[PDB]
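Q: Once you've had a glance at the structure underneath, I'll fire off some questions.
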Amino acid sequence: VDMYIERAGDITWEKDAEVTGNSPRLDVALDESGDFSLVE
Amino acid sequence: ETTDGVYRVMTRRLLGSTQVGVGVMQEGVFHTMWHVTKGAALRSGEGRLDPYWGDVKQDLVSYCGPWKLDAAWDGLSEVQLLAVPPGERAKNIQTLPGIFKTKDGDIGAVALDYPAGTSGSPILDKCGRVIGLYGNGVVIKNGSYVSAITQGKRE
Amino acid sequence: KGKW
């Protein structure tokens, strides 16, 4: 499989940006494989 | 071939290409999430980028050298996801992170939902420094997504 | 390697 990269732009903060999304407070666990799962 | 910036990570076989992720070139090192590349080598033009550092538990991998991204979320301020979705130009989305509370401490987390191939897009502080990569997280009850702000250690 |  050919896995390759291609440039997609500069890394810059945008002034006066659209603000969205909430700020959830979640209890999670992280396993040794890197999986995050909600603690039920 | 290693000019600073954000990059798409693509795969191609015999037919068209698929965007599997995104990453950051900084200081000659390419930074992405492990699940994007599974830790395999990358092509950049006519060059080959070899895996150097990585950690499946952090879901991170660097190419050509050790992890270079050292900036940390300040635990207070709004951040921007520089989302690079498949088939769309980079766009900045500002948000106030929430928190993944774990037994080992808190991790900032962003409630922003993008296609799987947006994995590895950088999350920025107001100085434009990369404070982590987007795309390892959880799906909450209503089906929406929350990503950790995943950052590595600069040794 | 989970190179080291």
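Letters A, B, ... go to the chains of the structure tokens in the order shown; residues in each chain start at 1; ligands are counted from 1 in the same order.
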Please provide as an MDAnalysis selection string all residues within 9 Å of residue 154 (chain B), with the sequence filter that same-chain residues fewer than 5 positions apart are discarded (counting only C-alpha atoms).

A: chainID B and resid 66:70

Q: Keeping only N, CA, C and O atoms, write the selected residues to a file as a PDB file, in the first residue's frame.

A:
ATOM      1  N   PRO B  66      12.638  12.511  16.896  1.00  0.00           N
ATOM      2  CA  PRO B  66      11.772  12.433  18.078  1.00  0.00           C
ATOM      3  C   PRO B  66      10.673  13.485  18.051  1.00  0.00           C
ATOM      4  O   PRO B  66      10.720  14.466  17.305  1.00  0.00           O
ATOM      5  N   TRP B  67       9.666  13.260  18.893  1.00  0.00           N
ATOM      6  CA  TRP B  67       8.514  14.144  18.975  1.00  0.00           C
ATOM      7  C   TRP B  67       8.955  15.558  19.342  1.00  0.00           C
ATOM      8  O   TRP B  67       9.666  15.760  20.329  1.00  0.00           O
ATOM      9  N   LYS B  68       8.514  16.546  18.546  1.00  0.00           N
ATOM     10  CA  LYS B  68       8.951  17.928  18.695  1.00  0.00           C
ATOM     11  C   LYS B  68       7.906  18.867  19.274  1.00  0.00           C
ATOM     12  O   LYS B  68       8.263  19.982  19.668  1.00  0.00           O
ATOM     13  N   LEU B  69       6.635  18.474  19.308  1.00  0.00           N
ATOM     14  CA  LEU B  69       5.561  19.380  19.707  1.00  0.00           C
ATOM     15  C   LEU B  69       5.485  19.419  21.226  1.00  0.00           C
ATOM     16  O   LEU B  69       5.098  18.438  21.862  1.00  0.00           O
ATOM     17  N   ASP B  70       5.852  20.563  21.808  1.00  0.00           N
ATOM     18  CA  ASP B  70       6.003  20.701  23.244  1.00  0.00           C
ATOM     19  C   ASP B  70       4.936  21.565  23.905  1.00  0.00           C
ATOM     20  O   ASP B  70       4.830  21.549  25.137  1.00  0.00           O
TER      21      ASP B  70
END

Q: Would you list the contacts of residue 4 (chain A) as a list in words, taking every protein, DNA or RNA residue within 7 Å and counting only C-alpha atoms, but skipping same-chain residues closer than 5 positions in sequence?

A: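 Residues near the query, excluding close chain neighbours: residues 9, 10, 11, 42, 43 and 44 of chain B.
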
Q: Output as a PyMOL selection string all residues of region 14-64 of chain B that backbone DSSP marks as strand (DSSP E).

A: chain B and resi 17-26+29-33+42-44+47-49+51-55+60-63

Q: Please dump the current selection as a CSV table (one decimal), in the first residue's frame; keep N, CA, C and O atoms.

A:
chain,number,residue,atom,x,y,z
B,17,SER,N,-7.3,7.5,-4.4
B,17,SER,CA,-6.7,7.7,-3.1
B,17,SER,C,-7.8,7.9,-2.1
B,17,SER,O,-8.9,8.4,-2.3
B,18,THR,N,-7.4,7.6,-0.8
B,18,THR,CA,-8.3,7.8,0.3
B,18,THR,C,-7.5,8.6,1.4
B,18,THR,O,-6.3,8.3,1.6
B,19,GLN,N,-8.1,9.6,2.0
B,19,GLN,CA,-7.4,10.3,3.0
B,19,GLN,C,-7.7,9.6,4.4
B,19,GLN,O,-8.8,9.5,4.8
B,20,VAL,N,-6.6,9.0,5.0
B,20,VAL,CA,-6.8,8.3,6.2
B,20,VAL,C,-6.4,9.2,7.4
B,20,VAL,O,-6.8,8.8,8.6
B,21,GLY,N,-5.8,10.3,7.2
B,21,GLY,CA,-5.5,11.2,8.3
B,21,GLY,C,-4.8,12.4,7.9
B,21,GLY,O,-4.8,12.8,6.7
B,22,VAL,N,-4.1,13.1,8.9
B,22,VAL,CA,-3.5,14.4,8.8
B,22,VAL,C,-2.3,14.3,9.7
B,22,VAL,O,-2.3,13.5,10.7
B,23,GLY,N,-1.3,15.2,9.5
B,23,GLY,CA,-0.3,15.4,10.5
B,23,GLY,C,0.4,16.7,10.3
B,23,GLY,O,0.1,17.5,9.5
B,24,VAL,N,1.4,16.9,11.2
B,24,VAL,CA,2.1,18.2,11.4
B,24,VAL,C,3.6,17.9,11.1
B,24,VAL,O,4.2,17.1,11.7
B,25,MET,N,4.2,18.7,10.2
B,25,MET,CA,5.6,18.7,10.0
B,25,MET,C,6.1,19.9,10.8
B,25,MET,O,5.7,21.1,10.5
B,26,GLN,N,7.1,19.7,11.7
B,26,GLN,CA,7.7,20.7,12.4
B,26,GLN,C,9.1,20.3,12.8
B,26,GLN,O,9.3,19.1,13.2
B,29,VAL,N,10.4,16.9,11.5
B,29,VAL,CA,9.7,15.7,12.0
B,29,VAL,C,8.3,15.7,11.7
B,29,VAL,O,7.6,16.7,11.8
B,30,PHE,N,7.7,14.6,11.2
B,30,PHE,CA,6.3,14.5,10.9
B,30,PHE,C,5.6,13.8,12.1
B,30,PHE,O,6.1,12.8,12.6
B,31,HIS,N,4.5,14.4,12.5
B,31,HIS,CA,3.8,14.0,13.7
B,31,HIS,C,2.4,13.6,13.3
B,31,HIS,O,1.7,14.4,12.7
B,32,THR,N,1.9,12.4,13.7
B,32,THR,CA,0.5,12.1,13.4
B,32,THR,C,0.1,11.1,14.5
B,32,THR,O,0.8,10.8,15.5
B,33,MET,N,-1.2,10.6,14.4
B,33,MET,CA,-1.7,9.7,15.3
B,33,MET,C,-1.4,8.3,14.9
B,33,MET,O,-1.4,8.0,13.7
B,42,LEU,N,6.1,6.2,5.6
B,42,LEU,CA,5.4,7.2,4.7
B,42,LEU,C,6.3,7.6,3.5
B,42,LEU,O,7.5,7.7,3.7
B,43,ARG,N,5.6,7.9,2.4
B,43,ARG,CA,6.3,8.5,1.3
B,43,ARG,C,6.0,10.0,1.3
B,43,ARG,O,4.8,10.4,1.6
B,44,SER,N,7.0,10.8,1.0
B,44,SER,CA,6.8,12.3,0.8
B,44,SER,C,7.5,12.6,-0.5
B,44,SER,O,8.7,12.7,-0.6
B,47,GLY,N,10.7,10.9,-1.5
B,47,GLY,CA,11.4,10.5,-0.3
B,47,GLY,C,10.6,9.5,0.6
B,47,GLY,O,9.4,9.4,0.5
B,48,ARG,N,11.4,8.8,1.5
B,48,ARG,CA,10.7,7.9,2.5
B,48,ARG,C,11.0,8.5,3.9
B,48,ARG,O,12.1,8.9,4.2
B,49,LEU,N,9.9,8.5,4.7
B,49,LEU,CA,9.9,8.9,6.1
B,49,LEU,C,9.8,7.7,6.9
B,49,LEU,O,8.8,7.0,6.8
B,51,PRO,N,9.4,5.7,10.6
B,51,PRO,CA,9.0,5.9,12.0
B,51,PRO,C,10.2,6.0,12.9
B,51,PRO,O,11.2,5.2,12.7
B,52,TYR,N,10.1,6.8,13.9
B,52,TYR,CA,11.2,7.1,14.8
B,52,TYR,C,10.8,6.8,16.3
B,52,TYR,O,11.4,6.0,16.9
B,53,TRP,N,9.8,7.6,16.7
B,53,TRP,CA,9.3,7.4,18.1
B,53,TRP,C,7.8,7.1,17.9
B,53,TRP,O,7.1,7.5,17.0
B,54,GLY,N,7.2,6.4,18.9
B,54,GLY,CA,5.8,6.2,18.9
B,54,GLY,C,5.4,5.5,20.2
B,54,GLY,O,6.2,5.0,20.9
B,55,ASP,N,4.0,5.5,20.4
B,55,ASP,CA,3.5,5.0,21.6
B,55,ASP,C,2.0,4.7,21.4
B,55,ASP,O,1.2,5.7,21.2
B,60,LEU,N,0.2,8.0,19.3
B,60,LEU,CA,1.0,8.9,18.6
B,60,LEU,C,2.2,8.3,17.9
B,60,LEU,O,2.7,7.2,18.4
B,61,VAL,N,2.7,8.9,16.9
B,61,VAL,CA,3.9,8.4,16.2
B,61,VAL,C,4.6,9.6,15.5
B,61,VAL,O,3.9,10.5,15.0
B,62,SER,N,5.9,9.6,15.5
B,62,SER,CA,6.7,10.6,14.8
B,62,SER,C,7.7,9.9,13.8
B,62,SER,O,8.1,8.8,14.0
B,63,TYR,N,8.0,10.7,12.8
B,63,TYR,CA,8.8,10.2,11.7
B,63,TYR,C,10.0,11.1,11.5
B,63,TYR,O,9.9,12.4,11.7

Q: List as JSON, numbers by chain the protein and nucleic acid residues near residue 148 (chain B), meaning an atom at most 8 Å away when only C-alpha atoms are counted, but skip any in the same chain fewer than 2 places from it.

A: {"B": [100, 107, 108, 109, 110, 134, 135, 136, 137, 146, 150]}

Q: Take the residues just selected and output them with N, CA, C and O atoms as a PDB file, in the first residue's frame.

A:
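Output file result28.pdb is given in full below:
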ATOM      1  N   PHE B 100     -11.543  15.186  29.855  1.00  0.00           N
ATOM      2  CA  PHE B 100     -11.541  13.763  30.167  1.00  0.00           C
ATOM      3  C   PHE B 100     -10.903  13.622  31.549  1.00  0.00           C
ATOM      4  O   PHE B 100      -9.708  13.905  31.713  1.00  0.00           O
ATOM      5  N   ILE B 107      -7.377  15.483  31.099  1.00  0.00           N
ATOM      6  CA  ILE B 107      -6.916  15.768  29.746  1.00  0.00           C
ATOM      7  C   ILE B 107      -7.959  16.658  29.086  1.00  0.00           C
ATOM      8  O   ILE B 107      -9.150  16.341  29.111  1.00  0.00           O
ATOM      9  N   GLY B 108      -7.522  17.759  28.481  1.00  0.00           N
ATOM     10  CA  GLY B 108      -8.441  18.557  27.699  1.00  0.00           C
ATOM     11  C   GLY B 108      -9.053  17.746  26.576  1.00  0.00           C
ATOM     12  O   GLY B 108      -8.427  16.838  26.028  1.00  0.00           O
ATOM     13  N   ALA B 109     -10.280  18.094  26.210  1.00  0.00           N
ATOM     14  CA  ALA B 109     -11.013  17.335  25.206  1.00  0.00           C
ATOM     15  C   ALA B 109     -11.943  18.273  24.459  1.00  0.00           C
ATOM     16  O   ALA B 109     -12.552  19.159  25.062  1.00  0.00           O
ATOM     17  N   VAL B 110     -12.066  18.074  23.150  1.00  0.00           N
ATOM     18  CA  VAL B 110     -12.858  18.960  22.307  1.00  0.00           C
ATOM     19  C   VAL B 110     -14.055  18.225  21.719  1.00  0.00           C
ATOM     20  O   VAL B 110     -13.925  17.129  21.158  1.00  0.00           O
ATOM     21  N   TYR B 134      -5.928  15.958  17.105  1.00  0.00           N
ATOM     22  CA  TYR B 134      -7.325  15.551  17.183  1.00  0.00           C
ATOM     23  C   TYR B 134      -7.524  14.150  16.635  1.00  0.00           C
ATOM     24  O   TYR B 134      -7.008  13.817  15.568  1.00  0.00           O
ATOM     25  N   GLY B 135      -8.339  13.357  17.331  1.00  0.00           N
ATOM     26  CA  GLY B 135      -8.827  12.137  16.734  1.00  0.00           C
ATOM     27  C   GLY B 135      -8.777  10.867  17.551  1.00  0.00           C
ATOM     28  O   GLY B 135      -9.106   9.810  17.005  1.00  0.00           O
ATOM     29  N   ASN B 136      -8.399  10.914  18.824  1.00  0.00           N
ATOM     30  CA  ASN B 136      -8.567   9.754  19.701  1.00  0.00           C
ATOM     31  C   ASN B 136      -9.491  10.174  20.839  1.00  0.00           C
ATOM     32  O   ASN B 136      -9.188  11.107  21.578  1.00  0.00           O
ATOM     33  N   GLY B 137     -10.647   9.518  20.943  1.00  0.00           N
ATOM     34  CA  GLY B 137     -11.654   9.979  21.877  1.00  0.00           C
ATOM     35  C   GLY B 137     -12.744   8.967  22.147  1.00  0.00           C
ATOM     36  O   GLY B 137     -12.494   7.750  22.144  1.00  0.00           O
ATOM     37  N   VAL B 146     -16.255  13.259  21.151  1.00  0.00           N
ATOM     38  CA  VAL B 146     -15.361  14.114  21.925  1.00  0.00           C
ATOM     39  C   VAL B 146     -13.949  13.552  21.783  1.00  0.00           C
ATOM     40  O   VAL B 146     -13.719  12.370  22.063  1.00  0.00           O
ATOM     41  N   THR B 150      -4.579  15.288  22.332  1.00  0.00           N
ATOM     42  CA  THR B 150      -3.497  14.338  22.578  1.00  0.00           C
ATOM     43  C   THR B 150      -2.157  14.988  22.257  1.00  0.00           C
ATOM     44  O   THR B 150      -1.906  15.350  21.110  1.00  0.00           O
TER      45      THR B 150
END

Q: Please provide as a list in words all residues within 12 Å of residue 74 (chain B), with the sequence filter that same-chain residues fewer than 6 positions apart are discarded (counting only C-alpha atoms).

A: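 Once the nearby chain positions are removed, what remains is residues 96, 97, 107, 108, 124, 125, 126, 129, 131, 132 and 149 of chain B.
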
Q: Pick out the residues sitting within 7 Å of region 24-39 of chain A, and hand them over as a ChimeraX atom specification; count only C-alpha atoms, and ignore anything fewer than 3 positions along from it in its own chain.

A: /B:56-59,98-102,137-138

Q: Step one, run DSSP on the backbone; step two, keep only residues of region 8-153 of chain B assigned to helix (DSSP H, G or I); then write them as a VMD selection string.

A: chain B and resid 34 to 37 116 to 118
